[PDB]
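Text of the file target_6.tsv, holding TSV, C-alpha atoms:
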chain	number	residue	atom	x	y	z
P	1	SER	CA	17.50	199.23	-161.68
P	2	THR	CA	19.98	202.08	-162.01
P	3	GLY	CA	20.10	205.63	-163.31
P	4	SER	CA	22.89	207.89	-164.51
P	5	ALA	CA	22.57	211.59	-165.32
P	6	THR	CA	25.08	214.30	-166.17
P	7	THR	CA	25.18	217.34	-163.90
P	8	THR	CA	26.40	220.65	-165.34
P	9	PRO	CA	27.62	223.86	-163.66
P	10	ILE	CA	25.19	226.74	-164.11
P	11	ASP	CA	27.97	229.29	-164.62
P	12	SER	CA	31.73	229.72	-164.89
P	13	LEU	CA	32.15	229.68	-161.08
P	14	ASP	CA	30.34	226.40	-160.37
P	15	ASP	CA	27.84	228.31	-158.22
P	16	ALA	CA	25.47	225.34	-158.56
P	17	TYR	CA	24.87	222.31	-160.77
P	18	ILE	CA	21.78	221.38	-162.77
P	19	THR	CA	20.69	217.90	-163.78
P	20	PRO	CA	17.90	217.17	-166.29
P	21	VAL	CA	14.83	215.47	-164.84
P	22	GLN	CA	11.83	214.09	-166.75
P	23	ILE	CA	8.46	214.78	-165.10
P	24	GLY	CA	5.07	213.65	-166.32
P	25	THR	CA	3.62	212.02	-169.41
P	26	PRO	CA	4.63	213.03	-172.01
P	27	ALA	CA	7.89	213.95	-170.34
P	28	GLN	CA	8.54	217.55	-169.35
P	29	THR	CA	12.28	218.00	-168.83
P	30	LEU	CA	13.33	220.47	-166.13
P	31	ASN	CA	16.87	221.20	-164.96
P	32	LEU	CA	16.91	220.72	-161.20
P	33	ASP	CA	19.48	221.44	-158.52
P	34	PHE	CA	20.16	218.11	-156.79
P	35	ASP	CA	20.45	219.01	-153.12
P	36	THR	CA	21.70	216.49	-150.54
P	37	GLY	CA	20.94	219.16	-147.91
P	38	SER	CA	17.15	219.19	-148.33
P	39	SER	CA	14.35	216.76	-148.97
P	40	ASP	CA	11.76	218.46	-151.23
P	41	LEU	CA	11.45	217.99	-154.97
P	42	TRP	CA	9.89	221.28	-156.06
P	43	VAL	CA	9.56	222.94	-159.46
P	44	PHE	CA	8.64	226.16	-161.13
P	45	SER	CA	5.23	225.50	-162.61
P	46	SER	CA	2.18	226.83	-164.40
P	47	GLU	CA	0.96	227.79	-160.90
P	48	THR	CA	3.96	229.97	-160.04
P	49	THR	CA	3.10	233.66	-159.71
P	50	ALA	CA	3.87	234.96	-163.19
P	51	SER	CA	5.95	237.94	-162.01
P	52	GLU	CA	8.23	235.47	-160.17
P	53	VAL	CA	9.07	233.45	-163.30
P	54	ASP	CA	11.93	234.88	-165.41
P	55	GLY	CA	13.25	232.36	-167.94
P	56	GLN	CA	12.80	229.09	-166.06
P	57	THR	CA	11.19	226.07	-167.63
P	58	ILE	CA	7.91	225.27	-165.90
P	59	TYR	CA	6.07	222.05	-165.11
P	60	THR	CA	2.44	222.19	-166.27
P	61	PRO	CA	0.61	219.37	-164.47
P	62	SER	CA	-2.52	219.79	-166.61
P	63	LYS	CA	-0.52	218.61	-169.66
P	64	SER	CA	0.61	215.41	-167.86
P	65	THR	CA	-1.75	212.46	-168.12
P	66	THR	CA	-0.12	210.86	-165.03
P	67	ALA	CA	-0.30	213.94	-162.77
P	68	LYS	CA	-2.71	213.79	-159.83
P	69	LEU	CA	-3.27	216.54	-157.31
P	70	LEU	CA	-2.33	215.39	-153.81
P	71	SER	CA	-5.47	216.78	-152.24
P	72	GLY	CA	-4.95	219.13	-149.33
P	73	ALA	CA	-1.16	218.94	-149.42
P	74	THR	CA	0.95	222.09	-149.19
P	75	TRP	CA	4.65	222.74	-148.75
P	76	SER	CA	6.85	225.61	-147.66
P	77	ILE	CA	10.62	225.66	-147.32
P	78	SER	CA	13.35	228.10	-146.37
P	79	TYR	CA	17.01	227.55	-147.15
P	80	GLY	CA	20.19	228.53	-145.35
P	81	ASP	CA	20.80	231.37	-147.81
P	82	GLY	CA	17.49	233.00	-146.83
P	83	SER	CA	15.67	231.93	-150.00
P	84	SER	CA	12.27	230.24	-149.91
P	85	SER	CA	9.42	228.75	-151.91
P	86	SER	CA	5.99	227.24	-151.31
P	87	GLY	CA	2.97	225.80	-153.04
P	88	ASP	CA	0.86	222.68	-153.53
P	89	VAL	CA	1.63	219.10	-154.52
P	90	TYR	CA	1.03	216.64	-157.33
P	91	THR	CA	2.14	213.07	-157.71
P	92	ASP	CA	3.59	212.17	-161.09
P	93	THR	CA	6.14	210.00	-162.82
P	94	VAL	CA	9.71	211.26	-162.40
P	95	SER	CA	12.75	209.86	-164.20
P	96	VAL	CA	16.43	210.66	-163.67
P	97	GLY	CA	19.00	209.26	-166.07
P	98	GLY	CA	16.80	206.31	-167.02
P	99	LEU	CA	15.59	205.52	-163.47
P	100	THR	CA	11.83	205.97	-163.09
P	101	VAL	CA	9.72	206.50	-159.97
P	102	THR	CA	5.95	206.52	-160.24
P	103	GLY	CA	3.86	208.41	-157.71
P	104	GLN	CA	6.67	210.82	-156.80
P	105	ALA	CA	5.58	213.92	-154.93
P	106	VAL	CA	6.27	216.88	-157.22
P	107	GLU	CA	5.89	220.08	-155.23
P	108	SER	CA	4.54	222.82	-157.47
P	109	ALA	CA	5.67	226.32	-156.53
P	110	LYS	CA	3.03	229.01	-156.19
P	111	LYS	CA	5.59	231.45	-154.76
P	112	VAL	CA	9.38	231.65	-154.95
P	113	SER	CA	11.73	234.19	-153.41
P	114	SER	CA	13.70	236.66	-155.48
P	115	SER	CA	16.94	234.67	-155.71
P	116	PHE	CA	15.09	231.81	-157.39
P	117	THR	CA	13.38	234.14	-159.86
P	118	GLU	CA	16.69	235.81	-160.60
P	119	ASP	CA	18.39	232.51	-161.52
P	120	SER	CA	16.96	231.50	-164.88
P	121	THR	CA	19.08	228.33	-165.03
P	122	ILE	CA	17.49	226.44	-162.10
P	123	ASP	CA	13.96	225.13	-162.65
P	124	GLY	CA	13.63	223.70	-159.13
P	125	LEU	CA	15.33	221.48	-156.57
P	126	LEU	CA	15.50	217.70	-156.11
P	127	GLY	CA	16.17	216.94	-152.47
P	128	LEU	CA	18.37	214.00	-151.50
P	129	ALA	CA	18.63	214.40	-147.72
P	130	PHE	CA	16.51	212.17	-145.50
P	131	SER	CA	12.74	212.21	-145.94
P	132	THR	CA	12.22	213.28	-142.33
P	133	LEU	CA	13.08	216.83	-143.52
P	134	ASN	CA	10.39	216.89	-146.22
P	135	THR	CA	8.08	219.86	-145.70
P	136	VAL	CA	4.82	218.56	-147.21
P	137	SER	CA	1.87	218.90	-144.86
P	138	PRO	CA	-0.22	217.25	-143.51
P	139	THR	CA	1.30	214.05	-144.98
P	140	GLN	CA	5.07	214.13	-145.29
P	141	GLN	CA	6.39	212.81	-148.60
P	142	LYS	CA	9.41	210.73	-149.58
P	143	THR	CA	12.38	211.85	-151.63
P	144	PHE	CA	13.07	210.50	-155.11
P	145	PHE	CA	15.90	208.37	-153.68
P	146	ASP	CA	13.74	206.98	-150.89
P	147	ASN	CA	11.04	206.02	-153.39
P	148	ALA	CA	13.53	204.43	-155.78
P	149	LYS	CA	15.70	202.69	-153.18
P	150	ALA	CA	13.96	199.31	-153.07
P	151	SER	CA	14.19	198.97	-156.86
P	152	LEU	CA	17.86	199.96	-157.12
P	153	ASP	CA	20.52	197.31	-157.63
P	154	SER	CA	22.25	198.75	-154.54
P	155	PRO	CA	20.66	201.34	-152.17
P	156	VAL	CA	23.12	204.11	-153.03
P	157	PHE	CA	23.61	207.22	-155.09
P	158	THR	CA	26.91	208.89	-155.95
P	159	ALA	CA	27.89	212.49	-156.61
P	160	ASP	CA	30.82	213.16	-158.94
P	161	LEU	CA	30.81	216.93	-159.39
P	162	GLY	CA	33.16	218.54	-161.86
P	163	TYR	CA	35.45	221.52	-161.44
P	164	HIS	CA	34.48	223.95	-164.19
P	165	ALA	CA	33.16	220.89	-166.03
P	166	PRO	CA	30.21	218.49	-166.10
P	167	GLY	CA	30.00	215.53	-163.75
P	168	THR	CA	27.59	212.73	-162.88
P	169	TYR	CA	24.93	211.60	-160.43
P	170	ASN	CA	24.50	207.81	-160.43
P	171	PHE	CA	21.73	205.88	-158.68
P	172	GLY	CA	21.95	202.25	-157.67
P	173	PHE	CA	25.58	201.48	-158.55
P	174	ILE	CA	29.16	202.56	-157.89
P	175	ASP	CA	31.14	203.28	-161.08
P	176	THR	CA	34.54	201.83	-160.17
P	177	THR	CA	36.11	203.67	-163.15
P	178	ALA	CA	35.14	207.10	-161.77
P	179	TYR	CA	37.65	207.30	-158.89
P	180	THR	CA	41.23	206.44	-158.00
P	181	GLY	CA	42.38	204.38	-155.07
P	182	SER	CA	39.78	203.05	-152.65
P	183	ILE	CA	36.59	204.53	-151.21
P	184	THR	CA	36.82	205.31	-147.50
P	185	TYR	CA	33.51	204.98	-145.70
P	186	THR	CA	32.60	206.98	-142.61
P	187	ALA	CA	29.69	206.97	-140.20
P	188	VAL	CA	26.57	209.10	-140.69
P	189	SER	CA	24.16	210.54	-138.15
P	190	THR	CA	20.62	211.01	-139.48
P	191	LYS	CA	19.45	212.75	-136.28
P	192	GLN	CA	19.15	216.14	-138.02
P	193	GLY	CA	17.94	214.64	-141.31
P	194	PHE	CA	21.23	215.39	-143.11
P	195	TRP	CA	24.15	213.33	-144.41
P	196	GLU	CA	26.04	214.35	-141.28
P	197	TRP	CA	29.53	212.96	-140.65
P	198	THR	CA	32.75	213.79	-138.80
P	199	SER	CA	35.91	214.71	-140.66
P	200	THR	CA	39.13	213.69	-138.96
P	201	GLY	CA	40.99	216.97	-139.55
P	202	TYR	CA	42.59	219.24	-142.10
P	203	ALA	CA	45.76	220.61	-143.64
P	204	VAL	CA	46.49	223.91	-145.38
P	205	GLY	CA	48.69	223.65	-148.45
P	206	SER	CA	51.79	221.58	-147.77
P	207	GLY	CA	51.35	222.05	-144.02
P	208	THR	CA	51.10	219.31	-141.45
P	209	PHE	CA	47.76	217.62	-140.91
P	210	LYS	CA	45.84	218.71	-137.82
P	211	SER	CA	43.89	215.86	-136.27
P	212	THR	CA	40.61	217.28	-135.01
P	213	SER	CA	36.99	216.18	-135.32
P	214	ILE	CA	34.84	218.40	-137.54
P	215	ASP	CA	31.15	217.47	-137.62
P	216	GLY	CA	29.43	218.63	-140.78
P	217	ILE	CA	27.05	217.78	-143.61
P	218	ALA	CA	27.68	216.67	-147.18
P	219	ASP	CA	25.55	219.21	-149.03
P	220	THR	CA	25.57	219.31	-152.83
P	221	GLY	CA	23.12	222.23	-152.64
P	222	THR	CA	25.60	224.58	-150.95
P	223	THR	CA	28.30	226.17	-153.13
P	224	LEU	CA	31.10	226.74	-150.64
P	225	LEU	CA	32.91	224.97	-147.81
P	226	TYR	CA	31.84	226.32	-144.39
P	227	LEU	CA	34.09	225.35	-141.48
P	228	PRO	CA	34.86	226.55	-137.93
P	229	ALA	CA	36.39	230.03	-137.66
P	230	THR	CA	39.67	228.62	-136.32
P	231	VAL	CA	40.14	226.41	-139.39
P	232	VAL	CA	39.14	229.12	-141.86
P	233	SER	CA	41.48	231.66	-140.24
P	234	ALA	CA	44.37	229.17	-140.47
P	235	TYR	CA	43.63	228.76	-144.19
P	236	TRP	CA	43.38	232.44	-145.13
P	237	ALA	CA	46.42	233.36	-143.03
P	238	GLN	CA	48.45	231.62	-145.75
P	239	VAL	CA	47.19	234.02	-148.45
P	240	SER	CA	48.87	237.43	-148.49
P	241	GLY	CA	46.31	240.20	-148.27
P	242	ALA	CA	43.35	237.96	-147.43
P	243	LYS	CA	40.91	239.34	-144.89
P	244	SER	CA	37.41	238.84	-143.56
P	245	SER	CA	35.16	241.63	-144.85
P	246	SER	CA	31.94	242.28	-142.97
P	247	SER	CA	30.77	244.49	-145.85
P	248	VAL	CA	31.26	241.77	-148.46
P	249	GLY	CA	30.14	238.97	-146.12
P	250	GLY	CA	33.19	236.75	-145.78
P	251	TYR	CA	36.83	236.24	-146.57
P	252	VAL	CA	38.17	238.00	-149.65
P	253	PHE	CA	41.66	237.86	-151.13
P	254	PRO	CA	43.68	239.62	-153.84
P	255	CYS	CA	42.67	238.23	-157.24
P	256	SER	CA	46.40	238.15	-158.06
P	257	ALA	CA	47.00	235.47	-155.40
P	258	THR	CA	47.80	231.81	-155.95
P	259	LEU	CA	45.71	229.93	-153.41
P	260	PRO	CA	46.99	226.97	-151.39
P	261	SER	CA	45.21	223.65	-151.42
P	262	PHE	CA	43.05	222.51	-148.51
P	263	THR	CA	43.02	218.90	-147.30
P	264	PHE	CA	40.22	217.32	-145.24
P	265	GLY	CA	40.33	213.96	-143.48
P	266	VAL	CA	37.96	211.05	-144.05
P	267	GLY	CA	39.01	208.48	-141.49
P	268	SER	CA	42.66	207.76	-142.25
P	269	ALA	CA	42.24	209.01	-145.84
P	270	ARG	CA	42.72	212.52	-147.21
P	271	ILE	CA	40.85	214.52	-149.86
P	272	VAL	CA	42.82	217.39	-151.39
P	273	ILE	CA	40.93	220.44	-152.64
P	274	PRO	CA	43.19	222.26	-155.14
P	275	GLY	CA	43.70	225.95	-154.51
P	276	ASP	CA	41.98	226.92	-157.75
P	277	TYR	CA	38.72	225.35	-156.49
P	278	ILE	CA	38.66	227.96	-153.70
P	279	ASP	CA	38.65	230.99	-156.07
P	280	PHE	CA	35.13	232.39	-156.59
P	281	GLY	CA	36.24	235.37	-158.58
P	282	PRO	CA	35.80	239.11	-158.28
P	283	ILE	CA	33.34	240.30	-155.63
P	284	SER	CA	31.88	242.59	-158.30
P	285	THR	CA	32.59	242.87	-161.99
P	286	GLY	CA	36.06	244.30	-162.55
P	287	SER	CA	37.13	244.20	-158.91
P	288	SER	CA	40.58	242.99	-157.93
P	289	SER	CA	39.15	241.59	-154.67
P	290	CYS	CA	38.10	237.97	-155.06
P	291	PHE	CA	35.69	235.93	-152.96
P	292	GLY	CA	36.95	232.93	-151.04
P	293	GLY	CA	35.54	229.42	-151.36
P	294	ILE	CA	36.22	228.50	-147.72
P	295	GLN	CA	34.19	230.55	-145.25
P	296	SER	CA	33.34	230.48	-141.57
P	297	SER	CA	30.34	228.46	-140.39
P	298	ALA	CA	30.20	230.44	-137.13
P	299	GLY	CA	26.92	232.12	-138.12
P	300	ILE	CA	25.29	228.96	-139.49
P	301	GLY	CA	25.19	226.52	-136.58
P	302	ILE	CA	26.58	223.65	-138.65
P	303	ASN	CA	29.65	222.99	-140.77
P	304	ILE	CA	28.88	222.41	-144.44
P	305	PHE	CA	30.96	220.33	-146.87
P	306	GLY	CA	29.51	222.02	-149.93
P	307	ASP	CA	30.46	221.77	-153.59
P	308	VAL	CA	33.97	223.19	-153.07
P	309	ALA	CA	34.77	220.12	-150.97
P	310	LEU	CA	32.57	217.53	-152.67
P	311	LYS	CA	33.78	218.22	-156.20
P	312	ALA	CA	37.30	217.18	-155.13
P	313	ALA	CA	35.96	213.68	-154.43
P	314	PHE	CA	33.84	210.83	-155.67
P	315	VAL	CA	31.15	210.70	-152.99
P	316	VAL	CA	28.97	207.70	-152.12
P	317	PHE	CA	25.69	208.36	-150.34
P	318	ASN	CA	24.95	204.88	-148.95
P	319	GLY	CA	21.28	204.52	-148.01
P	320	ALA	CA	21.58	201.08	-146.50
P	321	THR	CA	19.65	200.44	-143.28
P	322	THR	CA	22.54	202.11	-141.47
P	323	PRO	CA	23.55	204.91	-143.85
P	324	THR	CA	27.19	205.80	-144.41
P	325	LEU	CA	29.18	208.16	-146.62
P	326	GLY	CA	32.10	207.17	-148.82
P	327	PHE	CA	34.82	209.41	-150.23
P	328	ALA	CA	37.46	208.62	-152.86
P	329	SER	CA	39.97	210.75	-154.68
P	330	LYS	CA	39.50	211.04	-158.44

Re-express the file's structure as structure tokens.
Amino acid sequence: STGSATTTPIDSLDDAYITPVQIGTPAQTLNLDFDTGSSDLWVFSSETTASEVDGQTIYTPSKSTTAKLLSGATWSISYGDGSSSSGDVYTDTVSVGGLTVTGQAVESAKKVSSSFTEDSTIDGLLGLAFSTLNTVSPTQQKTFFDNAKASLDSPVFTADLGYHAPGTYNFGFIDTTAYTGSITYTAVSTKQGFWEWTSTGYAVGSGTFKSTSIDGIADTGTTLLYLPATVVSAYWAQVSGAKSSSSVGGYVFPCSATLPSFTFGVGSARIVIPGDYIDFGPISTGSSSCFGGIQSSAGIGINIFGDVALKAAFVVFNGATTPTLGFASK
């Protein structure tokens, strides 16, 4: 089997991407944030505290003839941005782009933190990291990809995120029309439960490539590119007026600037992020200070190849017995 679903930016900045997901019988379609940095499929639901729902579409398990409460199971998750959610668990039928998994754990939110409430466009998350990170207790549950893998034509999914435009998540096949050149594969460590790999270096604009190993995670659920402070300083030093602002929380730059591109290495290959992809717009409405799309990871503990980086590539998440990642230009 295979599946193919379109993923759409939630706003004009590509702050996140939503993909429609069918849950239950008859289908209830929710727009979920596919997140290769976490491993829980959780949804706003009929059980979510009413004051914490503000425009989202909810899953109502009582209207699904295939929903079954997973007795005794609870979940609770916190994300790198400080947001969180928790609740109980059902199993139900879940389909993405024509690919169907029965008995998928659907984690029903009883509580969500304010940033989730405040974002009416995201009805939940669909985790695509490794199932060892799944938070369900006392019986850990598998991700949608893990459950589907055996049935897929090939044990892979691909992320093809658009810049200011829709893109595609495919399951079980590699669309050879969706990228240019060849796909360069690189080793993955699953020791932290992430799609963790080592970039071979970087370049700023037309500058010379610096060969240096940068360990990080391919995380569709993170908006920006978070890299070591040395790398980020080298980038922003090429933008007149750019500075790190403790009050804003990162590098800002004059909105009148033209940003240089940023290149990252994948083995001997190179992925070029155009400068425009690094512009996240005014820090507040009407400001002439703009927020940068490349930020320091120094306070995180891990480097994160988020959407800014991933949307410059066609990305293969290869879930073979030894997982690997593939990157191609497009």

Nearest to residue P:226, chosen from P:140, P:296, P:186, P:284, with only C-alpha atoms counted in the distances:
P:296

Pairwise distance for atom CA of residue P:118 and atom CA of residue P:62, rounded to one decimal in Å
25.7 Å

Just how far from atom CA of residue P:173 is atom CA of residue P:309, in Å to one decimal?
22.1 Å

Excluding residue P:95 and its own-chain neighbours fewer than 2 positions away, which residues fall within 10 Å of it when counting only C-alpha atoms? Please give them as a VMD selection string.
chain P and resid 3 20 to 24 27 29 92 to 93 97 to 102 104 144

Excluding same-chain residues fewer than 4 positions from stretch 179-184 of chain P, what lies within 7 Å of it counting all atoms listed in the file, as an MDAnalysis selection string?
chainID P and resid 266 269 314 326:330

Which residue of P:268, P:177, P:56, P:322 approaches residue P:200 most closely, using all atoms listed in the file:
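Nearest candidate to residue P:200 out of P:268, P:177, P:56, P:322: P:268.
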
In Å, how far is it from atom CA of residue P:57 to atom CA of residue P:41?
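Computed distance, atom CA of residue P:57 to atom CA of residue P:41, equals 15.0 Å.
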
Give as a PyMOL selection string the set of residues within 12 Å of the point (13.9, 204.8, -157.3), where distances use the file's coordinates and only C-alpha atoms.
chain P and resi 1-4+93-104+128+142-157+170-172+319

In file coordinates, which residues lie within 6 Å of (24.0, 212.6, -161.1) using all atoms listed in the file, given as number ranges by chain?
P: 4-7, 159, 168-170

Near-residue P:255 list (12 Å; only C-alpha atoms; drop same-chain fewer than 4 positions) as a CSV table (one decimal) with C-alpha atoms, in the frame of the given file:
chain,number,residue,atom,x,y,z
P,239,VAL,CA,47.2,234.0,-148.4
P,240,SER,CA,48.9,237.4,-148.5
P,241,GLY,CA,46.3,240.2,-148.3
P,242,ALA,CA,43.4,238.0,-147.4
P,259,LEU,CA,45.7,229.9,-153.4
P,276,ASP,CA,42.0,226.9,-157.8
P,278,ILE,CA,38.7,228.0,-153.7
P,279,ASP,CA,38.6,231.0,-156.1
P,280,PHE,CA,35.1,232.4,-156.6
P,281,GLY,CA,36.2,235.4,-158.6
P,282,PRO,CA,35.8,239.1,-158.3
P,283,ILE,CA,33.3,240.3,-155.6
P,284,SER,CA,31.9,242.6,-158.3
P,286,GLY,CA,36.1,244.3,-162.6
P,287,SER,CA,37.1,244.2,-158.9
P,288,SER,CA,40.6,243.0,-157.9
P,289,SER,CA,39.2,241.6,-154.7
P,290,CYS,CA,38.1,238.0,-155.1
P,291,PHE,CA,35.7,235.9,-153.0
P,292,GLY,CA,37.0,232.9,-151.0

Spatial neighbours of residue P:238, 12 Å, all atoms listed in the file, chain gap at least 6 places, as a PDB file with C-alpha atoms, in the frame of the given file:
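Now in out_38.pdb:
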ATOM      1  CA  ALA P 203      45.760 220.610-143.640  1.00  0.00           C
ATOM      2  CA  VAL P 204      46.490 223.910-145.380  1.00  0.00           C
ATOM      3  CA  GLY P 205      48.690 223.650-148.450  1.00  0.00           C
ATOM      4  CA  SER P 206      51.790 221.580-147.770  1.00  0.00           C
ATOM      5  CA  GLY P 207      51.350 222.050-144.020  1.00  0.00           C
ATOM      6  CA  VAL P 231      40.140 226.410-139.390  1.00  0.00           C
ATOM      7  CA  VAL P 232      39.140 229.120-141.860  1.00  0.00           C
ATOM      8  CA  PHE P 253      41.660 237.860-151.130  1.00  0.00           C
ATOM      9  CA  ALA P 257      47.000 235.470-155.400  1.00  0.00           C
ATOM     10  CA  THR P 258      47.800 231.810-155.950  1.00  0.00           C
ATOM     11  CA  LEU P 259      45.710 229.930-153.410  1.00  0.00           C
ATOM     12  CA  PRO P 260      46.990 226.970-151.390  1.00  0.00           C
ATOM     13  CA  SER P 261      45.210 223.650-151.420  1.00  0.00           C
ATOM     14  CA  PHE P 262      43.050 222.510-148.510  1.00  0.00           C
ATOM     15  CA  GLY P 275      43.700 225.950-154.510  1.00  0.00           C
TER      16      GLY P 275
END
